[PDB]
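Per-entry structural report
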Amino acid sequence: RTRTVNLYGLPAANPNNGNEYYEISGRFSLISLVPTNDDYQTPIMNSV
Amino acid sequence: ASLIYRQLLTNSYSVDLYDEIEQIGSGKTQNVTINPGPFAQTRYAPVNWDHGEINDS
């Protein structure tokens with residue numbers, strides 16, 4: 001009941017569209033720099 | 001060569017002396033101070049997760 005009709009986009013009035021959530025799936029590749037040792041720097045009696 | 005038996009029997013008192021050695025050396029305080037090596041450790045930081053900046057108006 002208004003001028004602006006047939007416009008492409010998505011207004012903020014009701015974005016949820018009655019849905020609890022919008023979901024997305026994917027893969028997650030991380031190349032972080034751990035502090036982890038290499039089993040050295042550990043005392044000489046490092047054993048059962 | 002029989003002298004070894006005589007020496008053992010005669011010197012048996014050193015057995016009790018050695019028992020004292022070990023059972024009071026244990027009592028005495030020792031601390032082997034394992035090091036940190038020449039290479040030094042360090043943790044990341046105190047890091048806490050939060051929601052990022054929000055564009056309010």
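Residues numbered from 1 in each chain as written, not as in the entry; some residues may be left out. Chains lettered and ligands numbered in written order. Part of a larger assembly, values for the part shown. Heavy atoms only, no water.

Looking at the entry header, you'll see cryo-EM listed as the method and 3.5 Å as the resolution.

Some remarks on the overall build of chain A
Rule in force here: A run of H or I in DSSP becomes a helix once it reaches four residues, and a run of E becomes a strand once it reaches two; helices and strands are each numbered from the N terminus. Burial classes follow relative accessibility: with a 1.4 Å probe on protein chains only, a residue under 20% of its type's maximum area counts as buried, one over 50% as exposed, and anything between as partly exposed.
Check the secondary structure of chain A and you find 0 helices and 0 strands. Principal-axis analysis of the C-alpha atoms gives chain A an extent of 85 × 20 × 15 Å. The buried share of chain A, reckoned over its 48 residues, is 0%.

Here's the deal with the interface of chain B and chain A
Interface size is commonly expressed as the accessible area that is lost once the parts come together. The criterion, for reference: Every residue pair with non-hydrogen atoms within 4.5 Å of one another is taken to be in contact. Two parts placed together each lose some accessible area under a 1.4 Å probe, and the buried area is that loss summed for both. A carboxyl oxygen of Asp or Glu within 4 Å of a side-chain nitrogen of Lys or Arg is what we treat as a salt bridge. Contacts described as polar in this section are N or O atom pairs within 3.5 Å, which, within protein, must combine one atom able to donate a hydrogen with one able to accept it, while residues neighboring in sequence count only if both atoms come from side chains. Only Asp, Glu, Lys and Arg are considered charged in this grouping, and only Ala, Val, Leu, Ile, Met, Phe, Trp, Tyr, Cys and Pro are considered nonpolar; every other residue, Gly among them, is considered polar.
With 5 residues of chain B in contact, the opposing surface of chain A contributes 6 residues. Buried surface at the junction of chain B and chain A, summed over both partners, amounts to about 380 Å²; 59% is from carbon and sulfur atoms. At the boundary of chain B with chain A, the tally comes to 0 salt bridges. Linking chain B to chain A there are 1 residue pair in polar contact. Its residues placed into classes, the side of chain B that touches chain A shows 3 nonpolar, 2 polar and no charged.

Observations concerning the environment of B:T42
Residues and elements named next belong to chain B. Mapped onto the elements of the fold, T42 is located in the segment after α2 (13–25). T42 sits in the exposed class, given a relative accessible area of 66%. Along the primary structure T42 and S26 are separated by 16 residues, whereas in three dimensions their C-alpha atoms are 36 Å apart.

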